[PDB]
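For the numbers below, each heavy atom of this structure counts, side chains included, while hydrogens, waters and symmetry mates do not. So you know, we letter chains A, B, ... as the sequences are listed, proteins then strands, and number each from 1.
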Amino acid sequence: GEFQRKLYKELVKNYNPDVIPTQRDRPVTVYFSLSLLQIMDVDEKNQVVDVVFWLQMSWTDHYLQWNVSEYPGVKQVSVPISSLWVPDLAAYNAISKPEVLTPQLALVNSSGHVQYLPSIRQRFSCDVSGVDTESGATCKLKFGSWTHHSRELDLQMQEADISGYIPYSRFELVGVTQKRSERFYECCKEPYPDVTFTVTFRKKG
Amino acid sequence: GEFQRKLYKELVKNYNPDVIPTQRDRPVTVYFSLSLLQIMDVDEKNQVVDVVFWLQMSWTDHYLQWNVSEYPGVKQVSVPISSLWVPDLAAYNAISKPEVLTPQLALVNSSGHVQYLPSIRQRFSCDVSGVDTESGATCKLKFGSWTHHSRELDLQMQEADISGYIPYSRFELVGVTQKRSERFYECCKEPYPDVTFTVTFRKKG
Amino acid sequence: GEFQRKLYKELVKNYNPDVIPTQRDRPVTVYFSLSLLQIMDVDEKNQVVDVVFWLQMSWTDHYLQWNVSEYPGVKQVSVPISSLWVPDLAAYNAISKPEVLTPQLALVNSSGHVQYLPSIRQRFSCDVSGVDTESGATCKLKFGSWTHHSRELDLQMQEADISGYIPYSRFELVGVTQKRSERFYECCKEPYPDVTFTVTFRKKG
Amino acid sequence: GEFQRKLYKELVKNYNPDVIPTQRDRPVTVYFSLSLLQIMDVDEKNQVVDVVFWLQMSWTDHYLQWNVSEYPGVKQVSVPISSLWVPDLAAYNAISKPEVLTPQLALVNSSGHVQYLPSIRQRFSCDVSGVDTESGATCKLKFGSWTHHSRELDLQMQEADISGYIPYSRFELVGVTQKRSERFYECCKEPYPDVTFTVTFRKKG
Amino acid sequence: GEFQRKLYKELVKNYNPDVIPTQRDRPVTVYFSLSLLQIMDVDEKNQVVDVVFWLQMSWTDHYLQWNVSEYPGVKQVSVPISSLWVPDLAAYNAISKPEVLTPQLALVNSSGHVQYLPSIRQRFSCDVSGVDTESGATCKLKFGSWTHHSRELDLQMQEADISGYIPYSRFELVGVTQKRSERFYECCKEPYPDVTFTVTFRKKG
Ligand SMILES: *[C@@H]1O[C@H](CO)[C@@H](O[C@@H]2O[C@H](CO)[C@@H](O[C@H]3O[C@H](CO)[C@@H](O)[C@H](O[C@@H]4O[C@H](CO)[C@@H](O)[C@H](O)[C@@H]4O)[C@@H]3O)[C@H](O)[C@H]2NC(C)=O)[C@H](O)[C@H]1NC(C)=O
Ligand SMILES: *[C@@H]1O[C@H](CO)[C@@H](O[C@@H]2O[C@H](CO)[C@@H](O)[C@H](O)[C@H]2NC(C)=O)[C@H](O)[C@H]1NC(C)=O
Ligand SMILES: *[C@@H]1O[C@H](CO)[C@@H](O[C@@H]2O[C@H](CO)[C@@H](O)[C@H](O)[C@H]2NC(C)=O)[C@H](O)[C@H]1NC(C)=O
Ligand SMILES: *[C@@H]1O[C@H](CO)[C@@H](O[C@H]2O[C@H](CO)[C@@H](O)[C@H](O)[C@H]2NC(C)=O)[C@H](O)[C@H]1NC(C)=O
Ligand SMILES: *[C@@H]1O[C@H](CO)[C@@H](O[C@H]2O[C@H](CO)[C@@H](O)[C@H](O)[C@H]2NC(C)=O)[C@H](O)[C@H]1NC(C)=O
Ligand SMILES: CN1[C@@H](CC(=O)c2ccccc2)CCC[C@H]1C[C@H](O)c1ccccc1
Ligand SMILES: CN1[C@@H](CC(=O)c2ccccc2)CCC[C@H]1C[C@H](O)c1ccccc1
Ligand SMILES: CN1[C@@H](CC(=O)c2ccccc2)CCC[C@H]1C[C@H](O)c1ccccc1
Ligand SMILES: CN1[C@@H](CC(=O)c2ccccc2)CCC[C@H]1C[C@H](O)c1ccccc1
Ligand SMILES: CN1[C@@H](CC(=O)c2ccccc2)CCC[C@H]1C[C@H](O)c1ccccc1
Ligand SMILES: O=C(Nc1ccc(F)cc1F)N1CCCC1
Ligand SMILES: O=C(Nc1ccc(F)cc1F)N1CCCC1
Ligand SMILES: O=C(Nc1ccc(F)cc1F)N1CCCC1
Ligand SMILES: O=C(Nc1ccc(F)cc1F)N1CCCC1
Ligand SMILES: O=C(Nc1ccc(F)cc1F)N1CCCC1
Ligand SMILES: O=C(Nc1ccc(F)cc1F)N1CCCC1
């Protein structure tokens, strides 16, 4: 509609997608969770697990807000992530580049809340030696901001979800636990937060 | 000719490929069809199917129209899709990025009706365990807008089409059925339409 | 050369590589031919053939012409194809993207006659079951414009040659034909022409 | 934040990422170290080794400094490396392009000190024939500036690190040594400095 | 440094990387050579060999010259090849795109001499059916400009190298010869020079 056009113009001026949208003191809080969809493969020789999953990232970008009074009907807009600042979350123990399976777009409402919900295929380092046993094998999928510490970027866990796991896989999904951690490094002076998704699974039969 | 060069200049000014061309109350209706061309391969271990198919996707963009009186010959033009808003249809259950096999162009007539017809190869998660039986295997191929809900993007199926199926494949294409659904997700007030193609196939013999 | 730089500045202005250079009624005629260099592989299970070939394409672009008296000694120039309008020719039964093996450069002369001669590797759907019989297997490689019809892009054939076929192959050429047809499609008001290269081959032994 | 934005605009002006940030005879000194994390593969037939490893690279770009007085909260920023000059370190004996696993962002402080810490998977030519022996196999990973000599880019080792190596590897990591060299190629007067990591490893059990 | 920055703004204005820098009666002479590093694979079924090699390409571009007097400490600079005119040297019998293994940078001195030294992995068509014999197998790596004849681009050989070959390769390198030819291609009045590197090798025993 004619109003979305008007809005793109206003929101786009001065906007810089390379600059994390902090405000005086307040870090950007980034809510994060992972839903396991499928375990594509297990490589018992090179110790790697190949998985497809869905990620929810949401946060508030205060530069991306508007009064609905000035833009009737416009409650939300779809925005290519290349035009937005987005959390630089990385899988700390990945051994392959993430392959994003879905359109690289984010939903953004009038409050400047942003939802990026990408589906991803990625391989990880893991001891899968236990996959053929009753105890199964346990893989940690550990994520955190690559370059923003806790006081710029405040990573928080959202309630996880296992309802998405495909029933006909050859791998039974035993469980998925979720943990938020925070540590300093001898390197930098600020602490860094991470979220680890611990997945346990075994071969059916 | 000279008129196509002219038309381009006009259509290009004030055109934003990031803004879905809705028309106040009116959602953009997107006609969608999938023609299965070839089942390339079946991974019975990891439960995936590898298919080549032709998508037919058409919709009306009203910022892309022109009075033919003013541009004598030009009845339609070929436009690189990277310059157009295109519906953000995701393959809900793809486990690989799509490989587009054909030139990434769309046709547009003077009513702003756009046709984009890519040929695509892609791998999908599927229970293929029945492939060697009479009943065969059944794969659902599920697509929907990733970010736009029903009142923004109205997805419409067109007729099932198996005429394009290669006759010399190792798999017999039993049938393809089609269902449209409007799913509600907990998060949102508005439902998101999805079109699912169900194809049933078995090894020949 | 200074005259080549002058000529660049002249041709580049107002040039638009997204507009087919038709010239009032007259279609752009495109000459096309394919010469087979090697058959790299045959996949008898999935019915695909893997080939390396050399295309010759030629057409006239009337915005690329110059007075040679005005640019002494400048008879042709090399132009990256990304800067030009190029025919949107597609392989109708390709099952992979074309991998281009040579520099993406076209030769352009003062008449505006363009020549583009890519060597290409690509995979095609084909019934190859006959590959090990004396009769051999027959693949059709079908090419045409993807969006332009007869009256906009007149595809014509140039005579085939098999002298470029590598002689130390495991596959032996048994028959080759090249034919231009003009079919209607289940949609568009106007007919679309194609050139089809029909190659018959078999294993040596 | 608001000072970050202002800093952005101030830093980009006249910044040229193709220009090495030397300053009057003083070469830009580049600190460099490699943390081996995983040995993905060993090919005893083609003599290649596949490794995942963590590069630490740091240097000073005096065009990137600012006064924290002028920019109150801002002590450091995250910059996409594609916006920066970066050392042209080449892997001398690599047989495959590097796959970068991590977000391609560098950290810059108010002194103009850049830290770039990419995780990388890459394959290298190496004699791995000794892999099955008690003596193990030895691979040399040789890096260096591809085009800048000693007096332009001063490559310096930092403290190496073995802590990152995964325990559940099927390869045992005997030793990693770390040497700097300076080689004169018969082309130039100046030498070109290279840092080399020599890792000795063998199959377990 | 201050002067490399100055020299950049100077060179970039009035530089066109699409125009071969010929002068009247003066072809751009391009010195070419190949150092074979490793034979990675031999495919006796499909008749391809897979090689890693180092190319030396050097030539002069009168548009990249400067006077060291006006740029006091600047003898040479590192320029991305994407920014420069580069010879369109092609591999005639390549069956795959070349994988460039090293940074895509060229050294340019003040007299306009350009040096470009890429490391490359590429697959070539070749009769390797004799790789198991005493007589060995012989491959012809044929390179030449794809669009410039002798009077525009004068391809010349430099003396090659074999010392770069790896001694633990599974293949014993026997010999490498160099030959510069001039072909006429009947389409064209002017001849087209190529450089061919003949290499003979065998499995080790
Ligand atoms: C651009 O391409 C689009 C896609 O093909 C073109 O679309 C169509 O235009 C049709 C009319 O020109 C339109 O027609 C039917 O339209 C009505 C149904 O909603 C219906 O009222 C019409 O009946 C007509 O009714 C009388 C009584 O029988 C008929 O005799 C007349 O033919 C009337 O036209 C039509 O049945 C159709 O809906 C529309 N398709 C889409 C997908 O929008 C569009 O015209 C093209 N532009 C140009 C300039 O060619
Ligand atoms: C825009 O999006 C945000 C995030 O969904 C909305 O915030 C939530 O609204 C629910 C319902 O009122 C609350 O229970 C949550 O506490 C809110 N979450 C957050 C992160 O604030 C926000 O209200 C939306 N704005 C509009 C105009 O609806
Ligand atoms: C910016 O980062 C640099 C690099 O860490 C800091 O510099 C060093 O300073 C520490 C003490 O703070 C010394 O121990 C190191 O030897 C220095 N390293 C180098 C190579 O310079 C610097 O402190 C930071 N700048 C600011 C303004 O905090
Ligand atoms: C530019 O190239 C074209 C194609 O070679 C030249 O073209 C035409 O004239 C030739 C005989 O003089 C014919 O052999 C060609 O078939 C014909 N081509 C077409 C499609 O028109 C033309 O001479 C060249 N221009 C100049 C000035 O040399
Ligand atoms: C720029 O580079 C060229 C190539 O190295 C330099 O060239 C040549 O000069 C040498 C002596 O310095 C001669 O021995 C070579 O025969 C000659 N070869 C070539 C390629 O021309 C040249 O001196 C350099 N220019 C400057 C300004 O130093
Ligand atoms: C990148 N690193 C911190 C920075 C930092 O450590 C660092 C900074 C400066 C110098 C040396 C190291 C920032 C937060 C993430 C953390 C990641 C972890 O190191 C790491 C390294 C290699 C593989 C996996 C994980
Ligand atoms: C993305 N989601 C809807 C929105 C939404 O969920 C959502 C929106 C906002 C907040 C939280 C969740 C939009 C339409 C598609 C749907 C997709 C499905 O989740 C899904 C995800 C992964 C695999 C299969 C299916
Ligand atoms: C693309 N199509 C014509 C255009 C058109 O059909 C079309 C145009 C507009 C709307 C609907 C259909 C142009 C000529 C090629 C033809 C292709 C063939 O369908 C096809 C489809 C899928 C695989 C192989 C071949
Ligand atoms: C690129 N070369 C030096 C320059 C130079 O040699 C050279 C420069 C100009 C002319 C002739 C030779 C710079 C430092 C690296 C060195 C690379 C090594 O040769 C090499 C080539 C191929 C594989 C492994 C190693
Ligand atoms: C491109 N061609 C010459 C030009 C030319 O032939 C040509 C020019 C104009 C019209 C028709 C043919 C220029 C020099 C290289 C040569 C390439 C060789 O043909 C060739 C083609 C395909 C695979 C291997 C080799
Ligand atoms: O793209 C946008 N905004 C936007 C997109 C689509 C719409 F319909 C309306 C919009 F406002 N932005 C990029 C950077 C900030 C905003
Ligand atoms: O590119 C176009 N339009 C266009 C393309 C090719 C033509 F021959 C004529 C045209 F008008 N657009 C991109 C943005 C708006 C339309
Ligand atoms: O110019 C074009 N179409 C076009 C686009 C890309 C190509 F490669 C070739 C083309 F012809 N048109 C102008 C009228 C609409 C189509
Ligand atoms: O690139 C060119 N033209 C061109 C290229 C190389 C030359 F030596 C001289 C030239 F004129 N164009 C792109 C758009 C139209 C011309
Ligand atoms: O992008 C930047 N700087 C930058 C990035 C992110 C921020 F939040 C703030 C910044 F200043 N540069 C590119 C070239 C020069 C610096
Ligand atoms: O980028 C450059 N030149 C260049 C590179 C590095 C330097 F330190 C200084 C330079 F001038 N060019 C691209 C077009 C012409 C040269």
Side-chain angles (χ1 to χ4, degrees), chain A residues 43 46-49 88-98 122-129 138-147 149 179 181-188 191-198, chain D residues 31-42 49-58 89 91 94 98-107 115-124 126 136-143 156-179 195-204:
Chain A
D43 186 339
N46 302 329
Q47 295 283 64
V48 358
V49 55
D88 60 338
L89 291 209
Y92 282 26
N93 65 311
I95 61 98
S96 85
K97 203 151 189 175
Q122 185 161 36
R123 291 181 281 294
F124 294 78
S125 182
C126 179
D127 183 3
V128 293
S129 46
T138 298
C139 298
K140 293 173 157 79
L141 279 39
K142 179 183 168 197
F143 297 84
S145 169
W146 196 244
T147 67
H149 55 63
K179 182 189 198 303
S181 307
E182 203 182 6
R183 20 186 60 112
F184 288 88
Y185 292 60
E186 71 312 312
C187 87
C188 354
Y192 282 77
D194 73 84
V195 175
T196 298
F197 296 89
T198 306
Chain D
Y31 297 104
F32 181 82
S33 82
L34 184 142
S35 294
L36 170 64
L37 306 183
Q38 202 149 351
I39 299 181
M40 307 300 311
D41 238 311
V42 156
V49 64
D50 190 334
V51 294
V52 171
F53 55 85
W54 176 47
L55 285 192
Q56 299 186 52
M57 269 183 284
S58 70
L89 299 187
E99 182 183 0
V100 187
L101 305 180
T102 50
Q104 316 202 16
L105 295 169
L107 262 177
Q115 301 251 1
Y116 177 48
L117 310 167
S119 180
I120 301 180
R121 179 180 185 179
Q122 193 163 38
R123 301 191 302 285
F124 298 85
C126 164
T138 275
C139 280
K140 331 221 173 170
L141 301 306
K142 185 177 173 178
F143 303 86
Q156 300 293 345
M157 305 188 307
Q158 234 172 17
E159 203 63 60
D161 167 39
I162 323 104
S163 70
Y165 190 75
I166 66 145
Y168 47 94
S169 172
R170 82 180 197 267
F171 296 116
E172 191 177 71
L173 184 49
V174 173
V176 209
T177 120
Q178 179 201 356
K179 168 202 262 287
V195 168
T196 301
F197 305 96
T198 302
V199 19
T200 316
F201 69 99
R202 64 187 186 187
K203 277 162 180 174
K204 287 187 194 167

Problem set entry | D/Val100 side chain near D/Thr102 side chain, heavy-atom distance below 4.5 Å | yes
Exercise. Going through the distances and angles, do A/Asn93 and A/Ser125 end up as a side chain to side chain donor-acceptor pair (under 3.5 Å)?
Worked result: CA-CA 6 Å; A/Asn93 65 311; A/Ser125 182; 5.7 Å; no
Exercise. Is there a side-chain contact between D/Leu173 and D/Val199, using heavy atoms and a 4.5 Å cut-off?
Worked result: yes
For this session: Check whether more than 12 heavy atoms from other residues, nucleotides or ligands sit under 6.0 Å from atom NZ of D/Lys140, and answer yes or no.
Result: no
For this session: Show your reasoning for whether side chain to side chain donor-acceptor pair (under 3.5 Å) applies to D/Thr177 and D/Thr198.
Result: CA-CA 5 Å; D/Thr177 120; D/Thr198 302; 4.6 Å; no
Exercise. Counting only N and O atoms by type, is there a donor-acceptor contact under 3.5 Å from the side chain of D/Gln38 to the main-chain atoms of D/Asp50?
Worked result: no
Problem set entry | Partner of D/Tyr165 by side chain to side chain contact (heavy atoms under 4.5 Å, CB included), out of D/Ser169, D/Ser163, D/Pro167 | D/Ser169
Exercise. Can you say whether the rings of A/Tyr192 and A/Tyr185 are parallel (under 30°), tilted (30 to 60°) or perpendicular (over 60°)?
Worked result: perpendicular
Exercise. Under the 3.5 angstrom rule, does the side chain of A/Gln47 hit a backbone N or O of D/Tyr168 as a donor-acceptor pair?
Worked result: yes
Exercise. Are the side chains of D/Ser33 and D/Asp161 in touch, meaning some heavy atoms are under 4.5 Å apart?
Worked result: no
Exercise. With distance as the sole test, does A/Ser145 use its side chain to make a donor-acceptor pair with the main-chain N or O of A/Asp88 at under 3.5 Å?
Worked result: no
Seminar exercise, completed: Interatomic distance, CG@D/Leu101 vs OH@A/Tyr92, rounded to 0.5 Å, equals 14.5 Å
Exercise. Are D/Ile120 and D/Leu55 close enough that some pair of their side-chain heavy atoms sits under 4.5 Å apart?
Worked result: yes
Exercise. Would a 4.5 Å heavy-atom cut-off, applied to side chains only, mark D/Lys142 and D/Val195 as touching?
Worked result: no
For this session: Test side chain to side chain contact (heavy atoms under 4.5 Å, CB included) on D/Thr196 and D/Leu141 and set out the steps.
Result: CA-CA 6 Å; D/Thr196 301; D/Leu141 301 306; 6.0 Å; no
For this session: Tell me, with the steps shown, if D/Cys139 and D/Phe201 meet side chain to side chain contact (heavy atoms under 4.5 Å, CB included).
Result: CA-CA 9 Å; D/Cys139 280; D/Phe201 69 99; 4.2 Å; yes
Exercise. Who pairs with D/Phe143 by ring-ring contact (aromatic ring centres under 6.0 Å, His included), at least two apart in sequence or on another chain?
Worked result: D/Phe32
Exercise. Where the side chain of D/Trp54 meets the backbone of D/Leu34, is there a donor-acceptor pair that is under 3.5 Å apart?
Worked result: no
For this session: In sequence, state the C-alpha distance, the side-chain angles, and the governing distance for D/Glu99 and D/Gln122, and then conclude on side chain to side chain contact (heavy atoms under 4.5 Å, CB included).
Result: CA-CA 6 Å; D/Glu99 182 183 0; D/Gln122 193 163 38; over 6 Å; no
Exercise. Side chains of D/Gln158 and D/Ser58: closer than 4.5 Å at any heavy-atom pair?
Worked result: yes
Problem set entry | Any side-chain heavy-atom pair of D/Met57 and D/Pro118 under 4.5 Å | yes
Exercise. If you measure from CE on D/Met157 to CD on D/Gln56, what distance do you get to the nearest 0.5 Å?
Worked result: 14.0 Å
Exercise. For A/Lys179 and A/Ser181, does a side-chain donor sit closer than 3.5 Å to a side-chain acceptor?
Worked result: yes
Exercise. Could you walk me through whether D/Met40 and D/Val52 pass the side chain to side chain contact (heavy atoms under 4.5 Å, CB included) check?
Worked result: CA-CA 7 Å; D/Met40 307 300 311; D/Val52 171; 3.6 Å; yes
Exercise. Taking NZ, NE, NH1 and NH2 as the nitrogens, is one of them in D/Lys204 or D/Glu172 under 4.0 Å from a carboxylate oxygen of the other?
Worked result: no
Exercise. CG of D/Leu107 to SG of A/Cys188: how many Å apart, nearest 0.5 Å?
Worked result: 7.0 Å
Exercise. Do A/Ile95 and A/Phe124 touch side chain to side chain, with heavy atoms closer than 4.5 Å?
Worked result: no
Seminar exercise, completed: Closest heavy-atom pair, D/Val49 versus D/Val42, reported as atoms and distance to 0.1 Å, is CG2-CG2, 4.3 Å
